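**Q** Residue numbers (the entry's author numbering), protein chains in the order written: chain R, 1 to 8; chain F, 17 to 102; chain E, 40 to 134; chain G, 12 to 118; chain N, 2 to 198, 203 to 248, 258 to 381, 395 to 435; chain M, 726 to 773, 819 to 979, 987 to 999; chain X, 195 to 229, 290 to 327; chain Q, 1 to 76; chain K, 16 to 244, 251 to 326.
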Ligand SMILES: C[S@@+](CC[C@H](N)C(=O)[O-])C[C@H]1O[C@@H](n2cnc3c(N)ncnc32)[C@H](O)[C@@H]1O
Ligand SMILES: [Zn+2]
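1. Less than 8 Å between the CB atoms is what I'm expecting for residue 45/K and residue 280/K, so what's the real figure, rounded?
2. Considering just the uninterrupted stretch of the beta strand (DSSP E) at residue 303/X, what are its terminal residues?
3. Roughly how many whole angstroms lie between the Cα atoms of residue 2/Q and residue 16/Q?
4. Taking 7 Å as the cut-off, is the CB of residue 943/M close to at least one heavy atom of ligand 2?
5. Applying the criterion that 16 or more other CB atoms from any shown protein chain within 10 Å of the CB defines a buried residue, is residue 748/M buried or exposed?
6. Quick one: is residue 316/X near chain N, going by C-beta distance under 8 Å?
7. Taking 7 Å as the cut-off, is the beta-carbon of residue 866/M closer than that to any non-hydrogen atom of ligand 2?
8. Please find out if some non-hydrogen atom of ligand 1 comes closer than 7 Å to the beta-carbon of residue 726/M.
9. Report the CB separation of residue 6/R from residue 945/M in whole angstroms; it is logged as a contact under 8 Å.
10. Could you please go through the chain and list the residues whose beta-carbon is closer than 6 Å to any non-hydrogen atom of ligand 2?
11. Under 7 Å: does the beta carbon of residue 913/M sit that close to some heavy atom of ligand 1?
12. How would you list, in chain order, the residues of chain Q whose beta-carbon sits under 7 Å from the beta-carbon of residue 842/M?
13. Nearest-angstrom Cα distance between residue 184/N and residue 208/N?
14. Can you give me the C-alpha to C-alpha distance between residue 73/N and residue 300/X, rounded to a whole angstrom?
15. Below 8 Å between beta carbons is the criterion; list the residues of the segment 886-911 of chain M that meet it against any residue of chain K, in chain order.
16. Out of 915/M, 953/M, 742/M, which one is the CA nearest neighbour of residue 935/M?
17. Does the contact criterion of 3 or more C-beta pairs under 8 Å hold for the segment 98-116 of chain N versus the segment 417-424 of chain N?
18. Measure from the alpha carbon of residue 24/N to the alpha carbon of each residue in 10/N, 53/N, 110/N, then state which is nearest.
19. For ligand 1, is there a heavy atom less than 7 Å away from the beta-carbon of residue 871/M?
20. For ligand 1, is there a heavy atom less than 7 Å away from the beta-carbon of residue 933/M?
21. Given this structure, state the Cα-to-Cα distance separating residue 417/N from residue 89/K, to the nearest angstrom.
22. To which residues does DSSP link residue 45/Q through a beta bridge?
23. Rounded to a whole number of angstroms, what is the C-alpha to C-alpha distance between residue 191/N and residue 99/K?
24. Determine, using beta-carbon pairs with one atom in the segment 309-326 of chain K and one in the segment 16-36 of chain K, whether at least three such pairs fall under 8 Å.
25. Does residue 348/N come out as helix, strand or coil in the three-state DSSP assignment?
26. Is the Cβ of residue 15/G closer than 8 Å to any Cβ of chain M?
27. Ligand 1 and residue 397/K: does the residue's C-beta get closer than 7 Å to at least one heavy atom of that ligand?
28. For ligand 1, I want to know if residue 997/M counts as a neighbour, meaning its beta carbon is within less than 7 Å of at least one of the ligand's heavy atoms.
29. Verify whether the separation of the beta carbon atoms of residue 238/K and residue 181/N is less than 8 Å.
30. Mind reading off the beta-carbon distance from residue 186/K to residue 58/N? Whole number of angstroms is fine, and I expect it under 8 Å.
31. Taking only beta-carbon atoms, is residue 20/G less than 8 Å away from chain M?
32. Are the CB atoms of residue 91/E and residue 87/F nearer to each other than 8 Å?
33. Does DSSP put residue 110/E in a helix, a strand or coil?
34. Closer than 7 Å by beta-carbon distance: list the chain K residues that pair up with residue 429/N, in chain order.
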């Protein structure tokens with residue numbers, strides 16, 4: 001949602 | 017006594033002089049932008065040889081950059097020079 | 040008035056046949072002391088160790104111009120340019 | 012740091028026992044200074060430390076733990092002044108630096 | 002000094018390591034001397050100037066020597082009064098100009114000597130010890146109640162000849178005794194003359214350490230260690246004991271083992287002299303050295319500059335190292351460089367450097396009359412200094428500022 | 726008035742001489758500040819090498835390791851991280867693309883790690899309380915990252931400067947998941963040469979369901 | 195009485211006599227022995303008096319600014 | 001009572017001390033936990049460097065404070 | 016404990032913005048539009064002075080040795096003028112208006128605010144720009160330096176922030192409250208005036224809701240609060262200095278009512294209401310024993326312990 005992330 | 021820091025004697029490697037140097041290298045037409053590029057090339061060559069020329073003297077504790085120390089600077093970079101000895 | 044480009048060939052043969060030094064002495068011996076200012080201050084130059092630097096810088100530029108003029112010729116023209124000099128230095132390893 | 016094993020006294024890892032032997036059975040000069048192998052082992056350790064640091068950095072950036080020669084070429088040739096010291100040399104099993112000259116890309 | 006109280010912590014490290022400043026002074030300079038507080042930096046110059054900088058914006062506040070008493074020749078030394086208000090300055094013009102910053106460009110009083118000068122060192126703001134060239138005694142210049150007579154008492158007992166002991170060239174007053182002044186001959190003996198501030206002077210110590218031409222003697226500010234700079238390539242730190259009756263012993267020696275070079279200037283840390291900082295002499299000496307004065311080893315090397323460095327000053331209030339250029343004339347300056355913190359952005363921020371394993375508490379799933400004083404200034408800072416003895420701020424020249432907009 | 730006349734002869738002509746004080750775009754400045762209105766306005770009128823480091827941190831294991839011999843215990847001498855002996859100069863300031871951004875103060879080249887992301891280590895459940903609680907109090911800044919899908923890393927209260935990186939769907943930096951010594955770390959590499967004082971960018975990859990970047994070729998939302 | 199000025203013009207006057215005579219009387223003091291380091295005072299007291307002869311260049315516009323002051327009201 | 005002696009580069013310890021303990025008594029407890037000799041330790045509280053002979057009560061050290069420890073590693 | 020001595024100025028006239036007593040405690044500069052009224056307290060003498068400024072001068076700063084007055088106004092002029100020798104310097108740097116400034120405790124670096132979220136720094140003699148301090152999100156109203164050392168710079172502003180800066184290198188150094196973001200509450204009451212103390216270890220703040228607090232910034236929290244038994254004025258604050266043990270805080274209300282708070286308690290002992298009762302108050306200052314007052318109409322009022 002608003003959590004930053006790598007590769008999705 | 018007197019105190020001068022030199023400025024712009026690289027303009028002594030003169031535009032006709034880089035022409036004569038080119039002639040012995042066998043060239044016919046020299047673009048006008050060469051004369052600020054050779055000066056760039058020469059100023060890089062002179063640095064690396066003097067920095068090794070000095071480092072040899074400064075090791076031997078002298079204030080004169082003698083002719084054998086210049087030659088060892090050249091001999092180290094695989095330019096060997098043959099008229100000054102050893 | 041000669042054809043442009045034939046005084047050149049009359050000047051190539053003249054310099055290649057002789058062995059005197061092509062840069063003037065005093066504008067060179069001053070350049071060496073300017074560059075030797077950086078690495079040590081107030082050096083003396085045993086005055087045959089500037090002749091040992093003309094004869095190794097002149098004979099370096101001339102071997103570079105022989106390698107520049109082969110590159111300009113290879114790009115199908117007869118005029119060396121700074122995009123040749125930078126190639127000849129890049130192929131020898133220097134830059 | 013210690014008093015035995017002369018490298019311990021300088022606080023190094025590279026041996027000064029082995030180096031001081033190899034400076035006399037190598038015939039570099041007649042009499043080797045007793046300070047000399049220490050300074051020589053200090054320079055050698057520094058380079059082995061610097062080249063193993065940039066190797067290891069490029070091993071985690073390719074997700075692998077141990078170091079294979081492909082990392083050592085990337086450590087040397089991507090550096091500005093370790094490539095210059097190792098200019099003429101050739102690292103075995105060690106790839107190339109990836110570059111493509113500009114006019115080869117399409118447009 | 003309240004920056005460092007919350008800077009925050011992590012600034013006490015007892016040296017600076019990064020060079021941060023460079024006074025681009027065109028007219029080359031020999032001696033530099035900070036103010037007693039971290040405010041100003043006096044720059045003893047070659048052509049007879051004494052430029053005085055304000056250390057906060059690296060640009061001068063005045064250059065004294067306009068009205069009266071300009072050092073005509075080169076200036077070798079400059080010290081300050083205990084507060085930072087006066088300034089004794091010894092140059093090669095054979096004069097020793099005592100300045101007053103209140104009337105800035107006008108010298109307060111001077112005195113003609115027997116030759117050029119090596120140094121000056123101020124014990125009380127009036128009295129000052131000045132080294133005359135090749136004289137076996139130092140003529141202490143006591144600025145008396147009358148401004149015309151400075152009794153130049155010989156700093157020597159009446160009959161103790163030091164011919165064979167040498168010639169007085171340095172004299173550094175003891176900080177925590179203030180009446181003994183140790184003076185260095187030119188053949189290795191060190192005379193210790195105790196002023197009564203009458204003129205009796207007891208020779209509390211006369212001893213040869215080594216057959217060298219003594220260049221410089223410094224004392225720790227707690228008077229505990231004393232280091233000497235011989236003309237041999239050695240620094241000899243001692244351990245100083247005085248109650258009078260004085261006694262030293264060889265703690266350690268410092269030498270350039272590799273390069274085997276001479277030492278220009280040496281300086282001690284603030285509290286007890288836990289650090290020595292020296293500047294080497296020869297070619298390729300591009301960096302000041304540091305020494306753990308107890309262990310004896312080369313702890314750190316302050317690799318900032320590009321060529322030899324001559325004078326070293328260490329004002330601990332700013333924790334700075336001023337160091338003049340031997341060749342360029344430029345004045346390198348190291349400084350303890352604090353980095354910023356984003357934990358100053360919000361009053362609940364926090365800067366961690368590890369991925370911390372926060373452990374779960376319960377409620378993550380559950381939905395003033397104290398003693399107030401405004402009168403006392405703080406007595407100490409994080410270095411334990413003598414703050415709250417209000418330093419003599421510079422009086423900005425408010426007689427000549429009004430023209431100073433127009434043409435200097 | 727004759728007194729005022731001799732002040733006026735100075736004060737009439739020289740106010741067309743001394744008042745060369747026009748530098749701005751000259752907005753509506755006719756009102757005085759004497760009534761002291763608030764005027765909440767969103768009007769923005771502001772602007773919108820590694821050798822020594824690697825040898826510096828080399829001296830720290832040249833010091834710390836001499837006297838760690840029996841103990842031992844972490845106490846901050848536990849190498850005092852890894853992934854820090856390469857960090858960079860990079861600072862924070864008022865950003866062109868948001869409140870606070872991160873800027874390369876050194877001309878960093880093509881594929882070169884800047885900074886690891888530091889903060890708390892919290893799992894997916896406790897993330898969702900925190901994701902709603904901060905918004906319930908209205909912080910309105912999502913400082914959580916993803917290492918493996920059942921744990922996140924929080925950067926609201928604790929953390930390193932690496933939170934301050936903004937978003938731009940035309941990226942310059944990305945964050946791979948490199949493990950050191952058997953836990954994951956979030957390290958943030960580069961894609962292009964980043965200039966001196968250039969702004970650092972990133973894709974956040976909010977998958978799946987407003988981009989204030991002001992750059993043309995980018996999706997208006999996130 | 196012009197009490198707002200006269201403190202300036204007296205030290206303008208001090209340049210004429212007192213700063214003058216402390217700088218004048220060094221030079222006749224030479225004339226009793228005769229008339290480099292033995293009496294190198296010659297050239298430096300022309301740099302000193304350079305700052306004195308440019309002092310009258312600068313002490314004008316400190317007294318001329320006041321002429322710009324009393325016409326201001 | 002409990003303190004933190006949180007060291008310069010970023011990590012914390014948890015000690016048990018009394019406010020009547022000397023600083024050297026606390027410096028003994030760090031050495032028992034780290035082997036770091038007490039002579040190379042400086043304990044910092046409200047920016048003030050605390051002395052070996054003084055107690056925790058003297059410097060208004062309270063429950064769960066964070067003390068600062070700055071070791072000086074010898075030599076070389 | 017404290018009472019009225021004398022009123023010497025008449026009320027109305029031009030806009031009265033600032034009143035500042037010099038630290039020597041005898042020379043008062045009343046700041047109106049482009050004219051400076053100088054009032055020597057000895058025989059209640061008068062003196063008129065006029066500057067080279069054009070608009071409403073919102074700021075005033077005294078020299079620490081009482082020999083200069085500088086001022087900045089909304090037209091970006093930053094002028095430095097002598098008290099008797101007139102205009103000497105000028106700086107001209109800011110991209111937004113200036114509200115307040117302050118001298119160094121050495122008098123060499125006057126701090127200077129802009130309204131475009133940036134504090135800038137000038138060395139007076141060199142007249143150039145030193146360090147930029149742009150860490151805020153509003154028109155920054157008051158930037159104060161402590162009286163004794165010149166170490167730190169506190170920045171209170173219209174966004175409700177109390178942020179302490181550096182003066183040597185110029186980074187923000189401590190924050191004492193939250194912003195528009197990072198709480199989202201209507202607890203973002205803007206700050207009007209931040210004043211340091213005499214020694215400089217405690218700060219005083221006045222927020223836009225007429226509530227005055229005294230911060231112990233070294234610890235991060237508050238130790239005093241002062242309320243009256251919403252504002253739209255940038256009213257002045259001070260803390261009076263009687264020779265008795267208890268030195269009293271003073272602020273002015275929206276009206277011309279000025280009560281004085283016992284700072285060693287949390288309450289009042291006294292209130293001054295017999296003056297300024299027509300006009301609303303914008304600034305105050307003090308001296309060892311001679312405190313002035315001001316409002317949009319410039320009635321200065323001496324008081325004494
Ligand atoms: C991973 S955090 C970055 C921290 C942010 N730079 C700051 O100053 O706090 C997510 C934040 O980035 C900001 N953001 C996300 N996309 C943006 C965009 N395209 N332009 C400007 N800001 C953006 C939002 O304000 C959100 O609070
Ligand atoms: Zn975008």
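All C-beta atoms in this analysis are idealised placements derived from N, C-alpha and C, irrespective of residue type, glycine included.
**A** Judging by the given coordinates:
1. Against the ninth chain, residue 45/K aligns to sequence position 30. Against the ninth chain, residue 280/K aligns to sequence position 259. Actually they are not in contact, since the Cβ atoms of residue 45/K and residue 280/K sit about 23 Å apart, beyond 8 Å.
2. Translated into the one-based positions of the seventh chain, residue 303/X becomes position 49. Here residue 303/X belongs to no beta strand (DSSP E); instead the alpha helix (DSSP H) covers 295-307.
3. As a working note, residue 2/Q is residue 2 in the eighth chain. As a working note, residue 16/Q is residue 16 in the eighth chain. About 5 Å.
4. Walking along the sixth chain from the start, residue 943/M turns up at place 173. No, the Cβ of residue 943/M stays beyond 7 Å of every heavy atom of ligand 2.
5. As a first step, residue 748/M must be located in the sixth chain, where it is residue number 23. Answer is exposed; the Cβ neighbour count stays below 16.
6. As a first step, residue 316/X must be located in the seventh chain, where it is residue number 62. By this cut-off, residue 316/X is an interface position.
7. Counting from one through the sixth chain, the residue named residue 866/M turns up at place 96. No, Cβ of residue 866/M sits at least 7 Å from all heavy atoms of ligand 2.
8. Here residue 726/M refers to the residue found at position 1 of the sixth chain. Because no heavy atom of ligand 1 lies under 7 Å away, the Cβ of residue 726/M does not count as near it: no.
9. On the first chain, residue 6/R is found 6 positions in, with the first residue counted as 1. On the sixth chain, residue 945/M is found 175 positions in, with the first residue counted as 1. Sure, about 5 Å apart at Cβ, within 8 Å.
10. Contact residues of ligand 2 (beta-carbon closer than 6 Å to any heavy atom; chain order) are 938/M, 939/M, 988/M, 990/M, 992/M, 995/M.
11. The residue given as residue 913/M occupies position 143 in the sixth chain. Residue 913/M Cβ: within cutoff of ligand 1.
12. Here residue 842/M is taken as the residue at index 72 of the sixth chain, counted from 1. For the C-beta of residue 842/M, the chain Q residues within less than 7 Å are, from N- to C-terminus, 35.
13. Start at 1 with the first residue of the fifth chain, and residue 184/N comes out as number 183. Start at 1 with the first residue of the fifth chain, and residue 208/N comes out as number 203. Near 11 Å, if we compare the C-alpha coordinates of residue 208/N and residue 184/N.
14. Numbered from its first residue, the fifth chain carries residue 73/N at position 72. Numbered from its first residue, the seventh chain carries residue 300/X at position 46. Rounded to whole angstroms, residue 73/N to residue 300/X spans 11 Å at the Cα level.
15. 907, 908, 909, 910, 911
16. Here residue 935/M corresponds to residue number 165 of the sixth chain, with the count starting at 1. Nearest option by C-alpha distance: 915/M.
17. yes
18. Taking the first residue of the fifth chain as position 1, residue 24/N is located at position 23. Closest by alpha carbon: 53/N.
19. For the purposes of this step, residue 871/M is taken as the residue at position 101 of the sixth chain. Correct: residue 871/M has its Cβ closer than 7 Å to ligand 1.
20. Start at 1 with the first residue of the sixth chain, and residue 933/M comes out as number 163. Checking the Cβ of residue 933/M against ligand 1 gives yes.
21. As a working mapping, residue 417/N is identified with position 390 in the fifth chain. As a working mapping, residue 89/K is identified with position 74 in the ninth chain. Their backbone Cα atoms lie some 36 Å apart in a straight line.
22. Within the eighth chain, the letter at position 45 stands for residue 45/Q. Note: residue 45/Q sits in a beta bridge opposite 48/Q.
23. Mapped onto the fifth chain, residue 191/N falls at position 190. Mapped onto the ninth chain, residue 99/K falls at position 84. Answer to the nearest angstrom: the Cα atoms are 57 Å apart.
24. yes
25. On the fifth chain, position 334 is the one that residue 348/N refers to. Assignment of residue 348/N by DSSP, reduced to helix, strand and coil, places it in the strand class.
26. Along the fourth chain, read from residue 1 onward, the residue named residue 15/G stands at position 4. Output row for residue 15/G: interface = no.
27. Residue 397/K lies beyond the range of chain K shown here (16 to 326); nothing can be said about it.
28. Translated into positions along the sixth chain, residue 997/M becomes position 220. No; taking the cut-off as 7 Å, the Cβ of residue 997/M has no heavy atom of ligand 1 nearer than that.
29. Here the question's residue 238/K lines up with position 223 in the ninth chain. Here the question's residue 181/N lines up with position 180 in the fifth chain. No, Cβ-Cβ distance for residue 238/K and residue 181/N is not below 8 Å.
30. Translated into positions along the ninth chain, residue 186/K becomes position 171. Translated into positions along the fifth chain, residue 58/N becomes position 57. Not quite, the Cβ-Cβ distance comes to about 17 Å (not below 8 Å), so this is no contact.
31. As a working mapping, residue 20/G is identified with position 9 in the fourth chain. Cβ-Cβ to chain M under 8 Å: no for residue 20/G.
32. Locating residue 91/E in the third chain gives position 52, counting from the first residue. Locating residue 87/F in the second chain gives position 71, counting from the first residue. Contact: yes.
33. Locating residue 110/E in the third chain gives position 71, where the first residue counts as 1. Helix at residue 110/E.
34. Residue numbering aside, residue 429/N sits at position 402 when the fifth chain is read from its first letter. Here the neighbours are 97, 100, 103.
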